[PDB]
Structures are given as structure tokens and as C-alpha cells.
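Here's the structure, in C-alpha cells; my notes come after.
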Amino acid sequence: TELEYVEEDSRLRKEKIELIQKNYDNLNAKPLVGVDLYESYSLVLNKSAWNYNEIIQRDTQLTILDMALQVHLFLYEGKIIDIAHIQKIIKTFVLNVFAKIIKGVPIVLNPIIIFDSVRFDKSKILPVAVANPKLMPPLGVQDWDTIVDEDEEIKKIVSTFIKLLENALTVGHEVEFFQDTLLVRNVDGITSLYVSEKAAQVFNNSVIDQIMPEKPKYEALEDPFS
Amino acid sequence: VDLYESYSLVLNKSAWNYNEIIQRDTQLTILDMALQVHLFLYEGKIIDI
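Here it is as C-alpha cells:
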């Protein structure tokens with residue numbers, strides 16, 4: 065074959081390599097920042113808010129709609145399950161977790177991720193995600209199964225959501241768990257929960273004035289465009 | 099590190115839980131267990147509470 069054709073092929077391959085590099089470059093990203101010890105609520109909140117804002121502006125995170133659609137596709141065996149129903153169920157489950165963790169009760173969704181809360185003073189609490197400790201078992205841990213209705217459909221939907229969440233965290237996604245928060249898995253098996261300003265505001269409102277978020281309702285899907 | 103890795107955070111959580119249960123005033127003291135033991139053992143020999 066023509067030597068120039070081979071040269072053009074190699075040139076195209078190197079062009080694709082340079083496109084790979086430029087594709088990584090065009091995602092204008094900065095390394096996530098963190099601290100080493102729990103000292104003040106304000107400092108940790110500032111770091112978490114900055115991390116959440118950075119991940120949001122990166123636009124690489126999976127919202128609740130994405131997980132609802134993954135569950136809807138994964139549970140298909142002949143009959144269609146409503147996406148809005150699954151989204152409502154997932155929101156109800158995460159709100160149950162939220163209500164359970166503000167009372168000092170950790171919730172275990174899996175051997176890897178355990179949802180807990182850190183309070184520094186009255187009126188100052190912050191949700192966290194921690195791994196299973198090795199020598200000091202957590203105080204009053206409850207399974208997720210405790211806070212889920214006994215109906216088979218509800219339990220299957222929540223189990224599928226948990227499994228898909230674990231897979232998404234393992235592969236390297238950034239999933240949203242509470243409203244305006246983000247769940248990430250860093251190096252090794254360390255998980256972190258980054259809280260926006262309004263999410264921390266709703267946490268503080270719940271802890272100071274007992275203003276619980278309203279129950280999720282069935283919302284019809286909105287057209288993503290226009 | 100994690101909230102469990104330090105003495106102060108775990109102590110604060112434990113103290114908050116204990117204070118909440120104490121302020122509910124629903125816990126059984128040692129006197130209650132002594133009286134239950136006295137009642138359970140009240141048919142072999144009476145033991146002072």
C-alpha cells in the first residue's frame with residue numbers, strides 16, 4: 065500500500081492522542097481540597113461548599129433522575145415501572161435517612177458506606193459518610209432495611225437503588241444523595257459527602273427549629289430541553 | 099480521619115445520647131433491678147433490698 069496512506073493513518077492516530085489530551089485539558093478542573101481534623105463547623109462547611117461548587121461547575125455528577133432512570137432500566141423484566149414513582153421512592157428513602165441521622169442514629173446502607181452525623185455544639189451539625197471502624201463499633205447502627213416499608217416492591221426498588229449507588233461510587237461517579245449535596249469516593253475506600261450552602265441551611269433549620277422538609281410528592285417528568 | 103477516630107467527638111455523641119435518655123426519665127436504675135431480683139428470689143429466702 066501507499067507509504068503516504070500509512071503516514072496519514074499514523075498522523076490520524078497521533079491526532080487522536082492529542083485530542084485525548086486536549087479533551088482532558090478542556091475540562092477546567094482543580095484538585096479537591098480537604099482538611100485533616102474536625103475543629104470548627106464553619107471551616108469544614110467552607111471546604112465542603114467549595115468542593116460541591118467545584119464538582120457542580122465541572123458538570124460530571126449524577127443527579128437523582130440519573131439513578132432513578134438506572135433503576136427503571138435495571139428492574140425491567142417485561143413490565144414498565146414509572147420513573148416518577150421510583151424517584152419519589154428514592155427521595156422518601158433519603159429523607160428517612162436524613163431524619164434518622166439528625167437524631168444521632170447512624171445508618172448503614174452497605175459494608176462500605178455508613179451515614180453518620182457530627183455535631184460540634186447545639187445548633188451545629190454536619191452529615192458525614194464514614195467507613196466501618198475496626199475496633200470501636202458505632203453506637204446504635206441500624207440497617208437501611210429498618211427504615212423501608214415492608215412491601216416487596218418498595219424494598220426491591222430501594223435495594224436496586226443502593227446497589228446501583230454502590231456501583232456508581234466504585235467506578236468513580238459523583239452521586240447526589242440529599243438535596244444539594246454530593247457523595248464522592250476518593251482514593252481507596254474513603255467516601256465523603258460535600259454539602260452546599262442551602263443543604264447545610266436546611267440541616268441547621270431542622271436542628272434548631274424542627275422544620276422538617278416536606279414529604280416528597282409525585283412530580284411528573286419535565287422535558288429536559290426548553 | 100473519621101468522627102470515630104477521636105475521643106472528643108465520640109464522647110460528645112455519647113454524652114448527648116445519655117443526656118437525652120436521662121431527660122426523658124424512662125431509664126431503670128440499680129434500685130429497680132434490686133427490687134426485681136428481690137421479688138424474683140422472694141420464694142427461696144427473703145433477701146434485703
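Protein chains in written order, with the authors' numbering: chain W, 65 to 290; chain R, 99 to 147.
For each residue, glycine too, the CB sits at the ideal point set by N, CA and C.
Distance, Cα to Cα, residue i vs residue j?
| i | j | result |
| --- | --- | --- |
| residue 258 of chain W | residue 111 of chain R | 22 angstroms |
| residue 93 of chain W | residue 116 of chain W | 13 angstroms |
| residue 114 of chain W | residue 223 of chain W | 32 angstroms |
| residue 263 of chain W | residue 242 of chain W | 8 angstroms |
| residue 190 of chain W | residue 181 of chain W | 6 angstroms |
| residue 102 of chain W | residue 119 of chain W | 22 angstroms |
| residue 123 of chain W | residue 236 of chain W | 14 angstroms |
| residue 131 of chain W | residue 74 of chain W | 41 angstroms |
| residue 174 of chain W | residue 86 of chain W | 38 angstroms |
| residue 216 of chain W | residue 195 of chain W | 29 angstroms |
| residue 139 of chain R | residue 147 of chain R | 11 angstroms |
| residue 70 of chain W | residue 289 of chain W | 44 angstroms |
| residue 285 of chain W | residue 145 of chain W | 14 angstroms |
| residue 127 of chain R | residue 169 of chain W | 24 angstroms |
| residue 141 of chain W | residue 150 of chain W | 16 angstroms |
| residue 207 of chain W | residue 161 of chain W | 10 angstroms |
| residue 106 of chain W | residue 157 of chain W | 28 angstroms |
| residue 218 of chain W | residue 172 of chain W | 18 angstroms |
| residue 287 of chain W | residue 213 of chain W | 31 angstroms |
Do residue j and residue i come within 9 angstroms of each other at the CB atom, strictly closer than that value?
| i | j | result |
| --- | --- | --- |
| residue 256 of chain W | residue 244 of chain W | no |
| residue 246 of chain W | residue 233 of chain W | no |
| residue 179 of chain W | residue 165 of chain W | yes |
| residue 108 of chain R | residue 199 of chain W | no |
| residue 230 of chain W | residue 177 of chain W | yes |
| residue 125 of chain W | residue 238 of chain W | yes |
| residue 155 of chain W | residue 268 of chain W | no |
| residue 277 of chain W | residue 129 of chain W | no |
| residue 299 of chain W | residue 280 of chain W | Given a span of 65 to 290 for chain W in the structure shown, any question on residue 299 of chain W remains unanswerable. |
| residue 197 of chain W | residue 100 of chain R | yes |
| residue 250 of chain W | residue 96 of chain W | yes |
Looking only at DSSP bridge pairs, what is residue i linked to?
| i | result |
| --- | --- |
| residue 223 of chain W | Answer is none; residue 223 of chain W lacks a bridge partner. |
| residue 179 of chain W | W:171 and W:193 |
| residue 122 of chain W | For residue 122 of chain W, which the question treats as bridged, DSSP gives no partner whatsoever. |
| residue 245 of chain W | W:259 |
| residue 206 of chain W | W:171 |
| residue 238 of chain W | W:248 |
| residue 185 of chain W | W:188 |
List, in order along the chain, the chain W residues whose C-beta lies closer than 7 angstroms to that of residue i?
| i | result |
| --- | --- |
| residue 105 of chain R | Correct list: empty, because the minimum Cβ distance to chain W is about 10 angstroms. |
Kindly list, in the order they appear in chain W, the residues whose Cβ is closer than 8 angstroms to that of residue i.
| i | result |
| --- | --- |
| residue 139 of chain R | Near residue 139 of chain R there are no residues of chain W at all, since even the closest Cβ is about 33 angstroms away, more than 8 angstroms. |
Just the chain R side, please: which residues come within less than 9 angstroms of residue i by C-beta, in chain order?
| i | result |
| --- | --- |
| residue 197 of chain W | 100, 102 and 103 |
| residue 192 of chain W | 100 and 101 |
| residue 142 of chain W | Chain R residues near residue 142 of chain W: none, gap ~44 angstroms exceeds 9 angstroms. |
| residue 249 of chain W | Chain R residues near residue 249 of chain W: none, gap ~14 angstroms exceeds 9 angstroms. |
So which residues of chain R does residue i contact, with C-beta pairs closer than 7 angstroms?
| i | result |
| --- | --- |
| residue 96 of chain W | In chain order: nothing, as chain R lies at least about 17 angstroms away. |
| residue 180 of chain W | 101 |
Listing by chain order, which chain R residues have their CB less than 8 angstroms from the CB of residue i?
| i | result |
| --- | --- |
| residue 212 of chain W | The premise fails here: residue 212 of chain W is roughly 24 angstroms from chain R at the closest Cβ pair, so nothing lies under 8 angstroms. |
| residue 202 of chain W | 102 |
| residue 77 of chain W | Within 8 angstroms Cβ-Cβ: nothing; residue 77 of chain W doesn't reach chain R, min ~47 angstroms. |
Legend entry - Against chain W: residues of the segment 107-136 of chain R by CB proximity under 9 angstroms: 107, 108, 110, 111, 112, 114, 115 and 118
Legend entry - chain R contacts from the segment 151-168 of chain W (Cβ-Cβ distance under 8 angstroms): 168
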